[PDB]
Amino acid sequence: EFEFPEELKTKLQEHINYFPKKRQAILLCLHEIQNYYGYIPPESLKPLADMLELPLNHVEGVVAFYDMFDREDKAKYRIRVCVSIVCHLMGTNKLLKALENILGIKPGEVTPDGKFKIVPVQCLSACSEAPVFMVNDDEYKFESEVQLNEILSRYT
């Protein structure tokens, strides 16, 4: 019953044909699926496994292992907040408090409209610009609530 929309299927086939061996494309495909849906739909794993010519068990294991993949919550924008040593020292808690005042959600939560999800992550390796956060692929230094609010207003 589950079918990948042609525009996604095409992008997926491109990754599968990119490396010398099909199975090497598993992570590029999973990033593509998550960017398309806003999560990894459990039903997408069987068609992907078939395309990669891998058992479903292998794909499920890979999805479970890699922390960037989320099989439970659909979110238009993922706010990855660094909770490691440098950002902690420089203001992770100020960033989280600002996010709560603006969006009304805490780490691991998704807004009622399914628009934003706060994801706590390890070191994003932009430590000199602590406290760091990402909004999907975009990465920023948190300065203040006023600055953060303006950044978030760009994601509609």
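One-based numbering along the sequence shown.
Higher average CA B factor in the deposited record is what I'm after, so tell me if that's 125-133 or 27-35.
Taking the mean C-alpha B-factor of 125-133 and of 27-35, the larger value falls to 27-35.
Per the PDB record, is the mean Cα temperature factor higher over 98-106 or over 85-93?
The recorded data point to 98-106.
Based on the PDB record, which member of 119, 68, 52, 64 exhibits the highest Cα temperature factor?
Checking the PDB record, the top C-alpha B-factor among 119, 68, 52, 64 is at 52.
Should residue 80 be placed in the lowest, middle or highest third of its chain by the C-alpha B factor in the entry?
Residue 80: CA B-factor falls in the lowest third of its chain.
Once the chain's modelled residues are ordered by C-alpha B factor and cut into thirds, is residue 15 in the lowest, middle or highest one?
As the PDB entry reports it, the C-alpha B-factor of residue 15 lands in the middle third of its chain.
Against its chain's modelled residues, does residue 22's Cα B factor rank lowest, middle or highest third?
Middle third, going by the recorded CA B-factors of the chain.
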